[PDB]
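Chains, contacts and geometry: an overview
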Amino acid sequence: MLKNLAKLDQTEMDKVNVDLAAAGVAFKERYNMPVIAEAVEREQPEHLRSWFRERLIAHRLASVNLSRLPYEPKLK
């Protein structure tokens, strides 16, 4: 008797894991290095597959800015 699965509501941990990865991957590729999002998806729980995407989504919405002028959340 050590750990009988016990991963019911540990999906907050799932989230932070897939969030951290998706954050890192998003900036990884878009900012300076062709990282393999597909394979990071391979390494992350499918429960956050869409979440992995959605984090990539928000960070892609960051990447829209990127080099030259990074981040302008202001009206113009």
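Residues numbered from 1 in each chain as written, not as in the entry; some residues may be left out. Heavy atoms only, no water.

This entry lists solution NMR as its structure determination method.

**So, helix 3 (residues 49-63)**
Turn by turn, an α-helix covers 3.6 residues, leaving residues three or four places apart pointing in a common direction. For helix 3, built from 15 residues, the straight-helix expectation of 21 Å at 1.5 Å per residue is met to within 8% by its first-to-last C-alpha distance of 20 Å. Residues of helix 3 that are buried include every one of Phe52, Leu56, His59, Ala62 and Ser63, and no others. One side of helix 3 carries all its buried residues, which in axial view fall inside an arc of 100°. Here the buried face of helix 3 lies against helix 1 (11-32) and helix 2 (37-43). (Helix = DSSP H or I, 4+ residues; strand = E, 2+ residues; numbered from the N terminus. Expected span 1.5 Å × (residues − 1). Buried < 20%, exposed > 50% of the residue type's maximum accessible area, 1.4 Å probe, protein only. Arc of directions from axis to C-beta. Contact = heavy atoms within 4.5 Å.)

**Side note on the side chain of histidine 59**
Note on placement: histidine 59 falls in helix 3. Accessibility expressed as a relative area gives 18% for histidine 59, which makes it buried. Filtering out sequence-adjacent residues up to four positions away, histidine 59 remains in contact with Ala22, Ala23, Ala26 and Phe27.

**A closer look at the pattern of salt bridges**
The full count for this structure, using the stated rule, is 7 salt bridges. Its salt-bridge partner being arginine 55, residue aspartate 19 comes within 2.6 Å of it at the nearest N-O pair. Separated by 36 residues along the polypeptide, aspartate 19 in helix 1 and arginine 55 in helix 3 bring together distant segments of the chain. Residue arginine 55 is classed as partly exposed on the basis of its relative accessible area, which comes to 31%. A salt bridge links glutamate 41 to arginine 42; its shortest N-O distance comes to 3.0 Å. Members of the salt-bridge network, linked through shared partners, are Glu41, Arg42 and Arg49. (Salt bridge = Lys/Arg side-chain N within 4 Å of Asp/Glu carboxyl O.)

**Notes on helix 1**
With 22 residues, helix 1 extends 30 Å between its outermost C-alpha atoms, agreeing within 8% with the 32 Å of an ideal straight helix rising 1.5 Å per residue. Among all positions in helix 1, only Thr11, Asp14, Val18, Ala22, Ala23, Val25 and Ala26 are buried. The secondary structure elements touched by the buried residues of helix 1 are helix 2 and helix 3.

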